[PDB]
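Inside the fold
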4 protein chains.
Amino acid sequence: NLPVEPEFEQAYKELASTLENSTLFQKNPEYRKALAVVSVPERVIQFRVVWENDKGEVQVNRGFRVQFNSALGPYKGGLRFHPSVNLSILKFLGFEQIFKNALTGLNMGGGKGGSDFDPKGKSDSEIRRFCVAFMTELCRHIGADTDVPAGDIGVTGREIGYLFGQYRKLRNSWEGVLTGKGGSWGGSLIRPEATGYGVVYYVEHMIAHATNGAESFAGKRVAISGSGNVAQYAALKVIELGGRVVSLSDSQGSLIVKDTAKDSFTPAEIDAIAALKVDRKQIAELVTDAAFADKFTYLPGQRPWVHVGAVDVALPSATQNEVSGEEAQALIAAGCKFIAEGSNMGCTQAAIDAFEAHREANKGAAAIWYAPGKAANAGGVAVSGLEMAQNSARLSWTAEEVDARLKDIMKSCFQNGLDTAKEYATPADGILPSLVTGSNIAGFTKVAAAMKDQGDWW
Amino acid sequence: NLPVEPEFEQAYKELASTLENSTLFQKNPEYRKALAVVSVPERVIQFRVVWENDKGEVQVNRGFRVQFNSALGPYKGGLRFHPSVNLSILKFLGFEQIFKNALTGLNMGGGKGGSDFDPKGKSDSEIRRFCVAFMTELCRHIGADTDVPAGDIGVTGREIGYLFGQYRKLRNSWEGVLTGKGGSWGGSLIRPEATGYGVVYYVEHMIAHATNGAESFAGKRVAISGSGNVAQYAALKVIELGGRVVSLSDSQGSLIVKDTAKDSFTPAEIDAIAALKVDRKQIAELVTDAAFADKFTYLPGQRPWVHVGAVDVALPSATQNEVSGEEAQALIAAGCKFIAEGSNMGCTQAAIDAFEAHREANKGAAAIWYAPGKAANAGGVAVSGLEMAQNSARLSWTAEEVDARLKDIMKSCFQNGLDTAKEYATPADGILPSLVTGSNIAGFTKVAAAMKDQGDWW
Amino acid sequence: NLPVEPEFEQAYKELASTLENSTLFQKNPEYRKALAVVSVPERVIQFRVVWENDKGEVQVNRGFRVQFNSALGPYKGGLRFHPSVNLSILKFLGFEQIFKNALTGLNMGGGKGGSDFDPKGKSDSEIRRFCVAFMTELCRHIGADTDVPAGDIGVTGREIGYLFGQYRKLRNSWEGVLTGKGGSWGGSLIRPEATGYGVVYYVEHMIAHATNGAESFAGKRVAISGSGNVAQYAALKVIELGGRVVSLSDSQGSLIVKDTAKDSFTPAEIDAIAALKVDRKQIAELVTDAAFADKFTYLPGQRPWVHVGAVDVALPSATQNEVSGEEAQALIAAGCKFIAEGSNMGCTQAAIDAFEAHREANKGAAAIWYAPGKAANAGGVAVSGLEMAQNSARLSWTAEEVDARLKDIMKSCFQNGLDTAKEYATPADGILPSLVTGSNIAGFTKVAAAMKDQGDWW
Amino acid sequence: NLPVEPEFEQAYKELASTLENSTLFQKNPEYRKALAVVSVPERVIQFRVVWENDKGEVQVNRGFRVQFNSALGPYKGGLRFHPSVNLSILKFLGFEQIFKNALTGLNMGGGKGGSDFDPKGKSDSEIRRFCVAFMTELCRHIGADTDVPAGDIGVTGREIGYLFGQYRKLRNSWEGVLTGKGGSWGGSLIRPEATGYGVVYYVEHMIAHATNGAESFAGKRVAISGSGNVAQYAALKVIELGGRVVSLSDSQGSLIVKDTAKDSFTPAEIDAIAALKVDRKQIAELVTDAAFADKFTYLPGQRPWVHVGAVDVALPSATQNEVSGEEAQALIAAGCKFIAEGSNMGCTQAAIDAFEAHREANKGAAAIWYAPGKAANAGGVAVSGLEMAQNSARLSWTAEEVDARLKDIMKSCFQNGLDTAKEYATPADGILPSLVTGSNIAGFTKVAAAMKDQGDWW
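Structure determination for this entry, per the PDB record, employed cryo-EM and reached 3.65 Å resolution.

See the structure below:
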């Protein structure tokens, strides 16, 4: 009866294992019934889209719309365009989306939309035909108070614009229904900036909590490892605070300065390598540029983290699991003390669940923060939430206002996760407060609490 | 043939009598017709519930949505769960709610709904069965613009939560219909505080106006008489503004300090005997506590009003006619510079016929300022309106924000009442702005002014 | 704390007394739990009807809308604009609707509404103003599938058309909400007709059921006592089939031919008295007609039933209990064997609560037929249901087709009542299928059966 | 088959000529389709109204809704009352509206509402009988999301309030979206104040940019020439900044102080002249006052800009082309630093064709900076959008907050016009940001940009 959603099976397995591993699930046996209510996504809906390309043909695809958290706000979710989108990855991203989005604190329906409409290799008329034939059928199952598909990495403003164009021309309701609009027609500022800002905000939050505010991006090595947009914003924030960005694991490899503990990357160099990574200008030449070769000893085959040096901040985004069991101890003997993953589940679960033995010996900051990009990435959807408020308030905010909103939101995410892991997950004394168990503790606590209060589970 | 709603018709008689005799009609004749238009509640809805207790039966309770001001706000009706409320107190609370929400100033649709859902002897399953059988017949006649239920004693938490549960599960619209939500599902801060808050501010403002600043709920001896939640909030704001809480009208009686003018009611005992009043933990035990029994001279029969002394603020809380018999001259000689009717329509018109002379014969403070039971802080409905603003904006504010807004509501009530009293009731030179007379004055002035403006009455 | 509704609680007491005493109460153990759901206010819709007359002023007529259940079909509930109608008599109308439509068995149940409007020959512009205001406040709670109101006392075709006009102009929906439409705007061929058709149909059907056909309303005495529209329909069908109309009842006074036993009425006198009854001039001139008064021996105060005569088919339409124990055995000796009423049981309980002396021995043809008004004037709501089918089918039928369907509905209600009476309160080889207990049997049987099948209550 | 739209055809011709004339269309030839998609109004709609005067007879009329901006916000438009309102002037108002409303930046569906409802000779009863038949055919085609009519001159608060009253009584949805509703309920502040304040903001930003911050409304010789509300607001804010208003162009004429070079008008004295203006009492009584006639030599048949002296700022208001053309270069000899067209395209081609070389050749303030009639102020619609935000957020702001948002809106429109002129249009080196061509530049730039982003057409 039950079909196969391999990524969803993996996500559910990890959640259940880390839950029953956590002390909360042991000390609160009633939670053994919460999962059943929350494990099923609240509503996943797809649509048969029949659209003709510019040459003139037929294309019968399926769109995707997911809502996984219904305790906070109307059913939301950012779109993402890739032929790799299907039911499995949809439910996986939702099953982590709930414990990212309830952790966000803001009243936002956890979920994620998307389509297998490829972003490249079709003329803009074909995009318009797809989006029109998509909102021909997506509108009925959405609405500002019911469902508000948003957009993010993979789906640009063009496809979201075409989709809303059909929606507005359809229902005659210029009302916030597609979160992540453009600045002219009711968008938001910091919207692309969300991912880079949020991750570093989470990092500084946990680091400051560890060292009582003494050190937070004050000059430590930041292997941003996200050369593109995510680094373009995160390293901007890092140099605003003062941390010294020191590496990037580009898709070609782990591009690095002369040595991690001896030099640091200029954000201008990060922007240059990112531009050459997206531009047709040779990426290889990019790593061998004058500065990129004399001030920086590019090592696209070895991670800076196994090099140890003095690297602290980590984010294997561009390279999904560049690191592996090769650097088992050297990763943290590097002094990383933290690992997020800019791309969803960037580095595979081996490096996550390892180092649990050393966590007992290490303390707080010393205990690596392999809390995945979940509490960090909230910023993305978080700005989406702010975008919704804009369309609710009918008036665009300012840049500093949205930045303050984001700052408070990451305050909420970090505090909720850490404080829930402190008491519910039995935080390890003389160690970071159950960072890995923090996901399980915070997710189960929020799910059970909002399910009992709202009558979702009883 | 109007069957007469005894509570409602009584409130009518009060309104009409202290109104058409008041000056405003004598000035403006058209006033007369307006009564009829408001006389009919703007909209009252009532629904059955076919639900079962956990054993399994066909229990049939009945819900209520009163709506008695369709000019300022949409239809906001506070619910209240008690087997008592059927139709009489329904329309009565509505006829008070005109002036309550009009004086509020905030765009609040006047009303107060509820049901006779028995709180005691019904647990999780029974609560869910009823409060899911609630929305099956309530959803249609409600929803933001149309109508927005709320919650109070009996409706606290669980019940409104379940109503929201079924509503959102029903129409697929996570919105702000069920006013007074909780934190996780888009609630509000200061919402518990509410009624206890503001009023002190209110009372303060009042005597402030009396004393042109000077005495503004500061130092003066305060017979809060409501040691429970109401004082748990009041007494807080009390000592914040300076007032000396000195007494309590518990179920035990008018429990009091050594002298309701010399000793002060320690807020510690306020909340302790509050815990002993919500629970039936014998009041005597607290009042027989050594430190308590010494500093406080517990005489349930004796009342700060008849105690006179120099107690300089008195409030007869929910205990009906908590004001003493000799109050009229006793509490006046105490010079409280303030009176109220916290117990809705408590002291008889002769007991508050005192200070009618003092308004002019005495002065400012010395003119001991009775605050009409209606002329108070809208803390409950006011914080519900702030919750509405929060839910509509899709972004929760902070505690201080809600508090500042509540202050604004209080100020609106204050100014509306007294300034319109000065306008129409025209308190002669000396006379403080007619308070009961001016309560009625301001109520109906804003009534008619609106109803002619927006075309409710022509 | 139910504010006992005199007419409603009286009728409920009669129905419940006939229910719980019949064997049906024990034949099913769930019966004792159906009443607490059949009659209870699932939807009381209170609002204001503030409007303007010529002498420009606000008339705040209290108009509300009561709904009880929707099991057999939508709330085909006739409005009421009676001069002094209130929630009491309106909920009585609701309850008579549930049992009347339950016996009728097409698409109708318990719904009600209207204001205490005072026709009194108010100017037609006043009619338009009040009707427009009422529909502005009514449209939301009505609709072809939710609620399709009609017009009872205080509403004839003009107010129906005005309410329609405002609805259609309002929601832009030329649907079938306002029943009893006009021929130009989607009326009915048997409108305004039936009522008397249905009564005479019922009577001939019971007589034929008694004497295995044979005597079926052919050459038998008929005291229609309804000369107006009632007998304008009835006596027409009476002379169609073969019965001879004998008597007449008027608000000025009931009338008779030279004697009830001696002669029988002619349709010409019935039509003349009818025309004068509906004309502004009072009926007095028709009864005082020299040719009428002498040959048709006119004795308005003295009721032909008191004279008894030898009539059979009698219907005190206008005489609301103008006869009592005066003629108890005398009518039975005369061979009346049938009593009903054109109105909703205008005859007070007296002879119905009585007759038991005959009941114990009166059997079949000898037995009276106290066909309750519910089982006597189904014709009106049956024609309204045919009007709804007409509006849904978007066409217009013919007189013969609607008449055939009226016959079918009459047969359905008649056979349902007799079959339910025989099934549970089985006639003890005697009185015609428990005619008096037939209403109780049919009501309880239909209510419990449809409630179990529909699962409203379990 | 475009019918006679003389005002609309004139506006479209001028707009197309200024578009194709400038480098906006020359450097970017692919823009030459946006006109085709924007020439047609989005959803111009009208409703047929059938009302009754107090005497009593039918009266047909027509309502009017223009919306010429479907990419920024939901359809909007301020109701205007004039028998001169018809499709022609409607579409002209909108086709000139789009430019200024898109310059506004706010998410507003630019347009215009109105009717030929005569506002002279029809009192309370008649206006109510129109504004309860106003919404009967309008509610369906409006709504917060779809269409949100507003109000302006002719439609004072009375008629718009009655109109609201009707639709709130209609759809059972308060949702205050008549956008101009009274301050008692859902109304804003600075709503009447908006027009003159926006005028002064735009002119102050213009002058400040001209002088690079040196002089801006700091004693400069303004000629507000809007004696009524226009001047009552604008000149007040002018003296708040520092400028001195000198001339009032009443229907009497270009009423003027003794000398436009030294002696100014006082805004309170301007208010007295405005009181004489609204009243049909001839202003000759005012201008003959001892303070008036002596200190202010009044020349109603002489434009003070012709007098030259040292006049700098002016506004030839509703009186079309009150300013002359002979004033020519003597105007710059007066050092005007500014040109106005406060009316609707008042002056002829040459009168504003002057300053064409003063844009570049007269560097700095010496550029007599012309204000396009469209760019003049968004004040009306800007405060309309602020009313939108206030009503959707369910919370009234403060006067200072609304004024700050107004100032920001004027800054946005001013900077949008200047920037689009200096990039798309052909402003020579420092050529007053191509003031005349700036309107065309900005409008078509915004139209094409938001059209490409919104994906309405290819």
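Regarding the overall build of chain A
Regarding its fold elements, chain A presents 17 helices and 10 strands. In terms of its C-alpha atoms, chain A occupies a principal-axis envelope of roughly 60 × 60 × 45 Å. Look at the contacts in chain A between residues 6 or more apart in sequence, and 73% of them connect residues 24 or more apart.

Concerning empty space enclosed by the protein
Taken as a whole, the largest cavity spans an internal volume of roughly 220 Å³. Lining the largest cavity are 17 residues, and of these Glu42, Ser70 and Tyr75 of chain B together with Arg168 and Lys169 of chain D sit closest to its centre. Looking at the lining of the largest cavity, the elements that each hand over two or more residues are β1 (43-48) and α5 (124-138) of chain C together with α6 (157-171) of chain D. Here the lining of the largest cavity is composed, by residue class, of five nonpolar, five polar and seven charged.

Brief notes about the pattern of salt bridges
Within this structure, the stated rule accounts for 38 salt bridges over all chains. A salt bridge links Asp118 of chain A to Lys122 of chain A; the shortest N-O distance between them is 3.0 Å. The residue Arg43 of chain C makes a salt bridge to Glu42 of chain C at a minimum N-O spacing of 3.6 Å. Of the two residues examined, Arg43 of chain C and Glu42 of chain C, each falls in the buried class. Members of the salt-bridge network, linked through shared partners, are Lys220, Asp312 and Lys337 of chain A.

Considering the sheet that holds strand β4 (residues 111-115) of chain D
Residues and elements named next belong to chain D. Here we have five strands laid out as an open sheet, ordered β1-β2-β4-β3-β5, and mixed in their pairing. Both outer strands of the open sheet, β1 (48-52) and β5 (147-151), are each paired with one neighbouring strand and no more. Taken pair by pair, the neighbouring strands of this sheet meet at an average axis angle of 30°, ignoring direction. In this sheet, β5 lies alongside strand β3 (residues 75-81) in parallel orientation, the contact comprising five bridges. Bridge pairing in β5 places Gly78 opposite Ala150.

Some thoughts on the interface of chain B and chain C
Size of an interface, as often reported, equals the accessible area lost when the parts are brought together. The interface of chain B with chain C comprises 34 residues on the first partner and 32 residues on the second. Here chain B meets chain C over a buried area of about 2,700 Å², counting both sides, of which 56% is carbon and sulfur. The interface formed by chain B and chain C holds one salt bridge in total. Between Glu42 of chain B and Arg48 of chain C there is a salt bridge; the shortest N-O distance is 2.7 Å. Run the count over chain B and chain C and you get 16 residue pairs in polar contact. Counting only elements with at least two residues in the side of chain B that touches chain C, the list comes to α3 (31-39), β1 (43-50) and β2 (60-67) of chain B. The element that contributes the greatest number of residues to the side of chain B that touches chain C is β1 of chain B, accounting for seven residues. As judged from the four bridges shared by β1 of chain B and β1 of chain C, these two strands associate in the antiparallel manner.

Structural notes on the pairing of strand β2 (residues 58-67) of chain D
All names here are of chain D. Note: β1 against β2, five bridges, orientation antiparallel. Along β2, the bridge assignment pairs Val49 with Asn61. Linking β1 back to β2 in an antiparallel pair, the connection comprises five residues, with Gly56 at a positive phi of about 115°. Note: β2 against β4, five bridges, orientation antiparallel. Across the sheet, residue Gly63 finds its bridge partner in β4, namely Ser115.

Cut-offs and rules
Residues numbered from 1 in each chain as written, not as in the entry; some residues may be left out. Chains lettered and ligands numbered in written order. Part of a larger assembly, values for the part shown. Heavy atoms only, no water. Residues with missing side-chain atoms left out of burial classes, pairs and counts. Helix = DSSP H or I, 4+ residues; strand = E, 2+ residues; numbered from the N terminus. Contact = heavy atoms within 4.5 Å. 1 Å grid on protein atoms, 1.4 Å probe; cavity = no way out; pocket = protein on both sides within 12 Å on 5 of 7 lines; lining within 4 Å. Points joined across faces, edges and corners; volume = space filled by probe spheres on them. Nonpolar A, V, L, I, M, F, W, Y, C, P; charged D, E, K, R; others polar. Salt bridge = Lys/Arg side-chain N within 4 Å of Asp/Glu carboxyl O. Buried < 20%, exposed > 50% of the residue type's maximum accessible area, 1.4 Å probe, protein only. Pairing = 2+ DSSP bridges. Axes fitted to C-alpha atoms, helices over the stretch in contact; angles between N-to-C directions. Buried area = accessible area lost by both parts, 1.4 Å probe. Polar contact = N/O pair within 3.5 Å; in protein donor to acceptor, adjacent residues only side chain to side chain.

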